[PDB]
Amino acid sequence: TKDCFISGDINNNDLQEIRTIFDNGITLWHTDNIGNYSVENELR
Amino acid sequence: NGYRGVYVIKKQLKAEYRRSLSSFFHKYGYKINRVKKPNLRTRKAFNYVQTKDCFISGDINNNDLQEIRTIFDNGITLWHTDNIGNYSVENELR
Amino acid sequence: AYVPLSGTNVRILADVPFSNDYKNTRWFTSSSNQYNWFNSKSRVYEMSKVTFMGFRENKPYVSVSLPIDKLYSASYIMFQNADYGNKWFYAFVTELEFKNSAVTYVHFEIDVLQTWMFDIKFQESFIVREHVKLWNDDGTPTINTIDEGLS
Amino acid sequence: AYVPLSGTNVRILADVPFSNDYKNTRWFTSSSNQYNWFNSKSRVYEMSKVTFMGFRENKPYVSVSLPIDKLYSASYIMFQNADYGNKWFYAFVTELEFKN
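Chains as they are written, first to last, in the entry's author numbering: chain E, 556 to 599; chain H, 506 to 599; chain C, 2 to 152; chain A, 2 to 101.
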């Protein structure tokens, strides 16, 4: 993202860190073989 | 269809851009690119001044003199009226 | 002009949804409307009087006579001052610090937007972006053509 | 909203494959699914109660009554807190330090 908006009942320091994470780019893994890019990764 | 002789067609920028540019010049004057003494007090309400590598002397300690030169190299508005910040005025030539 | 070193009618609030990155804030039409909004927030704690600590090393905090676990939901502080009359000062809670079992240091940072909201005067400024009128009364689009540089 | 300074049901885990550079993480559909995933990790150590140190200088750490060699595989910590009810808190292990 860029300049993402994220809210929640969370101390503002951590909330700011979470926004930085997504503004920097992150891969969210839904499987346990994290890092294995050989999979098809089709739509869910 | 009535076309003979020569025609004079006068053209000007649209109102949107006239507003944009006029408001900008009002506040910040024009690009000058001249080596000269600065216009400090030539308008009625305020003068914007921005230099590069300006020369300023005086019977002044050199630390403060260096600070003053930095101020003008960074740009400053000199207000000649007590209504500081009010850009609504015409600010005509003095 | 300067933020006081002591407060009265102090309230620590929960659930104030903006932060000291100042990318968002709740804007108000009056100081009374502002007060009413903050007054509607749950109060984690109140004190009639307190003296602030840490202003010099610019990390202000207040001593709160509560165990730290009673303050886990603290997010904001508001206070008045004997010498500022009716004026409310507003601040983010930024940190909780254990001093002992019954005492907690609550660190805060003055919210300069909320605190000075009705004291500032904008003069003519170079506007990069803003929200403008979209339609004329006859339903035609207003003319806005400045090159956005977007595909 | 704030992370507590003490923990209960503390577990130090081995083999958690993401880091504090936050370029990758395992995403979950529920807090229960999340808990189950972490609970299935091998435990290097457990404690029913602990008080955290260093929250002050933002260098948090916990005192662990184990020889350092039993902790060489430590990678992650999870803990609950008396005042947060059922909530689990999660943390990267970033360093081991000899005390005695």
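Cβ atoms here follow ideal geometry from the backbone N, Cα and C, with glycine treated the same way.
Element boundaries [alpha helix (DSSP H), containing residue i]
i: residue 65(C); result: Residue 65(C) -> not in any alpha helix (DSSP H); beta strand (DSSP E) instead, spanning 62-65.
i: residue 530(H); result: 520-533
i: residue 39(C); result: 32-40
Boundaries of the beta strand (DSSP E) in which residue i is found, first to last residue
i: residue 108(C); result: 104-111
i: residue 7(A); result: 7-15
i: residue 581(H); result: 581-584
i: residue 553(H); result: 551-554
i: residue 27(A); result: 25-27
Collapsed DSSP secondary structure at residue i in the structure displayed
i: residue 81(C); result: strand
i: residue 546(H); result: coil
i: residue 50(C); result: strand
i: residue 154(C); result: Missing from the structure shown is residue 154(C); chain C here goes from 2 to 152 and no further.
i: residue 89(A); result: coil
i: residue 136(C); result: strand
i: residue 598(H); result: strand
i: residue 151(C); result: coil
i: residue 71(A); result: helix
i: residue 506(H); result: coil
i: residue 574(H); result: helix
i: residue 114(C); result: helix
i: residue 568(H); result: helix
i: residue 101(C); result: strand
i: residue 96(C); result: strand
i: residue 44(C); result: strand
i: residue 593(H); result: coil
i: residue 76(A); result: strand
Under 7 Å between C-beta atoms of residue i and residue j
i: residue 80(A); j: residue 93(A); result: no
i: residue 105(C); j: residue 72(C); result: yes
i: residue 535(H); j: residue 553(H); result: no
i: residue 74(C); j: residue 2(A); result: yes
i: residue 548(H); j: residue 509(H); result: no
i: residue 107(C); j: residue 63(C); result: yes
i: residue 21(C); j: residue 110(C); result: yes
Residue from the options with nearest C-alpha to residue i
i: residue 19(A); options: 583(E), 557(E), 565(E); result: 583(E)
i: residue 99(C); options: 70(C), 6(C), 53(C), 144(C); result: 70(C)
i: residue 65(A); options: 51(A), 3(A), 95(A); result: 51(A)
i: residue 550(H); options: 531(H), 573(H), 579(H); result: 531(H)
i: residue 574(E); options: 585(E), 598(E), 593(E), 560(E); result: 560(E)
i: residue 576(E); options: 597(E), 585(E), 556(E), 599(E); result: 556(E)
i: residue 5(A); options: 96(C), 87(C), 86(C), 88(C); result: 96(C)
i: residue 56(C); options: 7(C), 88(C), 137(C); result: 7(C)
i: residue 597(H); options: 569(H), 562(H), 563(H), 546(H); result: 546(H)
i: residue 38(A); options: 68(A), 77(A), 61(A); result: 77(A)
i: residue 9(C); options: 60(C), 88(C), 67(C), 34(C); result: 88(C)
i: residue 540(H); options: 529(H), 568(H), 558(H); result: 558(H)
i: residue 129(C); options: 148(C), 60(C), 139(C); result: 148(C)
i: residue 585(H); options: 568(H), 544(H), 528(H); result: 544(H)
i: residue 68(C); options: 102(C), 133(C), 85(C); result: 102(C)
i: residue 463(H); options: 514(H), 578(H), 529(H); result: One cannot answer for residue 463(H) here, as it falls past the ends of chain H, which runs 506 to 599.
i: residue 132(C); options: 123(C), 139(C), 143(C), 138(C); result: 143(C)
i: residue 518(H); options: 512(H), 563(H), 527(H); result: 527(H)
i: residue 32(C); options: 140(C), 54(C), 121(C); result: 121(C)
Counting Cβ pairs closer than 8 Å, one from the segment 41-48 of chain A and one from the segment 9-19 of chain A, do we hit at least three? The segment 41-48 of chain A, when compared against the segment 9-19 of chain A, does touch it at the 8 Å Cβ threshold.
On the three-pair Cβ rule with 8 Å, is the segment 22-34 of chain A touching the segment 582-595 of chain E? Counting Cβ pairs under 8 Å, three or more are found: they touch.
The segment 101-118 of chain C touching the segment 521-536 of chain H, judged by at least three CB pairs closer than 8 Å: Because the criterion of three Cβ pairs below 8 Å is not met, the segment 101-118 of chain C and the segment 521-536 of chain H do not touch.
Short of 9 Å Cβ to Cβ, which residues in the segment 549-561 of chain H face chain F? In the structure shown, chain F does not exist; the protein chains are E, H, C and A.
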